[PDB]
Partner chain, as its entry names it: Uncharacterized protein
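The chain below stands alone, shown as structure tokens; this is the form deposited without its partner chain.
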């Protein structure tokens, strides 16, 4: 099973023509992030067969040079997000490594699908592309991962991400949940939650190799 087949099935099931037309207009008319060639970078770097972990995000970062198609990741020489800083602090406390690389392409290559639920945003306007169709698309992605894979870890940070438990078959997959790494919630259960080692313990228990969350 490959993403091309899944994407085709989704675009067959639902009519995305109005969404495609809107995004065409938006990219030619406004400043939309990430760069268009990166909208599906999570999928490009983590082929369907390689998925071991899914981490859900929100919409992309909306500042220059930040977003590049992976949830929570920023490019080098971009403003560094507080949630990512807290993810890295917990990683250092959990696994032990201090990451210096600001982007998460390492994690994607290891099999971590870094899936925003909304895949575009206008510059400087958080949530500007909410409710245009992306949530239908990314729900169907989540469901396809749950349906066609076995023994994947779904890491669901924050209540909105946790609503997606309805799309996940908990008899075949692991769910790790906690509050979100944002400063507004991190001190009430994200720090000390050890999601990275919990994910690896699960993967090892089902005969899979762990994620290398550290610098490569």
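Positions refer to the first chain, counted from 1.
The mean C-alpha temperature factor is higher for 21-29 when 189-197 and 21-29 are set side by side. Taking only CA atoms, the mean B-factor in the PDB entry is higher for 58-66 than for the other of 58-66 and 40-48. Taking the deposited Cα B-factors for 131, 110, 90, 140, the highest one is held by 131. Which of 73, 146, 116, 127 has the largest Cα B-factor in the deposited entry comes down to 127. When all modelled residues of the chain are sorted by CA temperature factor, residue 77 is found within the highest third. In the deposited entry, the Cα temperature factor of residue 151 places it in the middle third of its chain's modelled residues.
The PDB entry assigns residue 183 a C-alpha temperature factor belonging to the middle third of its chain's modelled residues. In this PDB entry, the Cα temperature factor of residue 123 sits in the top third of its chain's modelled residues, the highest group. Residue-level temperature factors show residue 105 in the lowest third of its chain, judged at the C-alpha atom.
In what follows, reference is made to the form solved in complex with its partner chain, a form of this protein that is not presented.
Checked against its partner chain in the bound PDB entry, the candidates 40, 27, 148, 187 yield a single residue with a heavy atom inside 4.5 Å, and that residue is 187. Heavy atoms of residue 66 reach within 4.5 Å of its partner chain in the bound PDB entry, making it an interface residue. Residue 127 belongs to the set of residues with a heavy atom inside 4.5 Å of its partner chain in the bound PDB entry. Its partner chain is not shown here, but in the bound PDB entry it comes within 4.5 Å of a heavy atom of residue 179. Contact annotation for residue 133: none of its heavy atoms lies within 4.5 Å of its partner chain in the bound PDB entry. Not one of 88, 192 and 210 comes within 4.5 Å of its partner chain in the bound PDB entry, counting any heavy atom.
Contact annotation: its partner chain lies within 4.5 Å of heavy atoms from the stretch 155-163 in the bound PDB entry, the single such stretch among 29-37, 169-177, 155-163, 47-55.
Interface residues of 90-119, taken as those with a heavy atom within 4.5 Å of its partner chain in the bound PDB entry (partner not displayed), are absent.
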